[PDB]
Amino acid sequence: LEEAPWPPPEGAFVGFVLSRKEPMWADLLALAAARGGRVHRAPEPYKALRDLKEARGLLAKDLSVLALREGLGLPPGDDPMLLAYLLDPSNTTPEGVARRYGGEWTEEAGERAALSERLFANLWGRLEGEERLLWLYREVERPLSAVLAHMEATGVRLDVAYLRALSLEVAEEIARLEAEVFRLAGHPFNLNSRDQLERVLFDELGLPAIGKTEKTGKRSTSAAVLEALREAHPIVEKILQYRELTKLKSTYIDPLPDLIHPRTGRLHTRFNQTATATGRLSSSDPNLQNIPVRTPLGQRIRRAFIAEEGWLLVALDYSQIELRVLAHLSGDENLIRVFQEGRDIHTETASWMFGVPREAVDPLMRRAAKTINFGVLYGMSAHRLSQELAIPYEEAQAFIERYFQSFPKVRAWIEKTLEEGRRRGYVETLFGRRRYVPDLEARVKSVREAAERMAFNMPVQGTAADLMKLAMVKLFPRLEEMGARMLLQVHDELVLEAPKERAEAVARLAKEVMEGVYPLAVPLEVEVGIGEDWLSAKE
């Protein structure tokens, strides 16, 4: 490409190099643009940012986030990563997409700009005739990248002093647990080392091994194994408690306070748009889609996520979302009827689990039923179900039989999905998002059946993802108009931040936008709460 002076003409593709992968923390080291067989290299990257009308190119969102950080309203536009990811969601990295579709991902901005241009041309041609993928790109993914950029640049407020205080308390409890474990073992060891623990449990204390690890065949010390050994030796419960506390401390309590951005005073995640096989987003650096909530200490951690003073958090979560999606995809009359009648399958399974009438099912019971319902749907064994519930194998087998007998078109939908997947090589969501699953044709049963479970999960999980993404795209401009902010997405949940006086109106509007995103054979229902912290906003 012929070198031409900065600035480039409009519509040019950008290339940029960051000192580190996270745009909220990166120094913009270089910036370039490419168009019309010219490459324009910026003498001074930061000032040159002010010349662009939009970020168009590989990882466009990341440059947009950095621009927003610097107070520039630079929206992301076309991005070849999004085209590639829609063609095949195994296309997750610029390194791989470049190799597959026409170049090499290097560490120079000019080359990245020229690459973005070249890859866009080739990938755009590959989507020709692919109207459903094209619709996903234009109506969902491309606009969503703009929304995600704003979310990343906005961040979420964290009560740092609270977490610092919590760390000191948890450390003291961890010490009590570890000391008791060493007392019971007869000697100290590194309790964080599963290899050392294996030797203590199975060689020294002579507890029965229960399961093996996947890749190396060691005797497993997983929580499931420890659960089954809970009554074999007093050390086991102590280990389980130690595991819970150290997991929460090392992953959330300690690292999060150190990630507050100096300028914004907030915590900023990255919403990765081309990272999953199903069409879900992911979140990283830090992952804010896995903040604890299911246990008491976990709930204490979630309380650290708070609204700006004078504002409130609004949390909205789709009800029974993958079951509703399954009703639509499978067309099962019974499943459809459940939702037309306003019933709750989580509550119903909890009723059976705890042997109480539906009226007596408390929120804790209902929530315990969730992993059971989705586990069973997506192929969990009777052995596992019986172990997890401490019921006879025969009763677990019966539950699984009844579950599918209750919704007889579900198995029919699964079989149709797998047959079509074997023939075409891919399965698809309601909107036509694809996932290639070649191992449906594997000659090894273990491999093939694992591939089958992946394959029939994808249309359900992926359709739910498509719906949430479309809802985000519809909702964002409404929030801007009301002076509210979109902060986080957690798969079927959004967390927003609204001025106190407007929080009620924002809640109502967001609920309606999400429920009406795309009418199905069953209604979509959204649960919405408002509060000063993330825990209180989900009730």
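Only the largest set of C-alpha atoms that superpose within 1.5 Å between the two forms is called the rigid core. In this text, residue numbers run from 1 along the sequence as written.
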| property | result |
| --- | --- |
| Between 426-434 and 388-396, larger RMS Cα displacement in 8 other deposited structures of this protein after core fit | 388-396 |
| In 8 other deposited structures of this protein, rigid core aligned: more displaced of 165-173 and 103-111 by C-alpha RMS | 165-173 |
| 31-39 set against 491-499, stretch whose average Cα temperature factor tops the other in the entry | 31-39 |
| Mean temperature factor over C-alpha atoms, higher-scoring stretch between 86-94 and 257-265 | 257-265 |
| C-alpha B-factor winner, where the candidates are 324, 303, 230, 100 | 230 |
| Options 315, 140, 353, 467 - largest CA temperature factor per the record | 353 |
| Third of chain Cα B-factors occupied by residue 10 | highest |
| Third assignment of residue 23 from its chain's C-alpha B-factors | lowest |
| Third of the chain, ranked by Cα B-factor, where residue 53 sits | highest |
| Ranked C-alpha temperature factor of residue 435 among modelled chain residues, by third | lowest |
| Residue 411 CA temperature factor, ranked by third within the chain | highest |
